[PDB]
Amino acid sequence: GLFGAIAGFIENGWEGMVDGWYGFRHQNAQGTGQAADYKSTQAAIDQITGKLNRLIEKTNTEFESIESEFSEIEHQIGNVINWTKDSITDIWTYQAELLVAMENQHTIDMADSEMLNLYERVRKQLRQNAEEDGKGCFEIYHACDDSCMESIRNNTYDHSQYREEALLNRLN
């Protein structure tokens, strides 16, 4: 997609993630662990909510009938009316199709971007203490137990604290 993340360097979605749109999976001595990210998930949801709300409210214009259901309409005016309503119908069908194809592209792209901005936010958190997988993961060059993984998810990880140790490990 546009931002290279969803259907990009992340090979697939996680069907396991039932409680959120985006999140983290880890791998350490103590085991696996999946956990959704609240802010990313919320930023994508709100923008959609916004789209939806904009698309209910429809014209308060009140139309009268120009065609009898139960009696015949003189032929010439009948034809003008037919030609006009069909042209109107073609305009709205085309607007509708375009609107929905367009917003669908924007929704897909907006979701791709949020995924990236999470990856980016974390990248900067971790600073010189980790390297990138190319598949969407960060190989951390210190012992990052469950407490350390949690601080990464919660935005409370201090790169200074494991830095030295990481700068040592990366140069083997």
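Numbering starts at 1 and follows the sequence shown.
Stretches compared: 97-105, 72-80. Higher mean C-alpha B-factor in the entry: 97-105. For the two regions 113-121 and 28-36, the entry's Cα B-factors average higher over 28-36. The residue among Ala143, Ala44, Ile66, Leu52 whose C-alpha atom has the highest B-factor in the PDB entry is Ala143. Split the chain's modelled residues into thirds by C-alpha temperature factor. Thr61 is in the lowest one.
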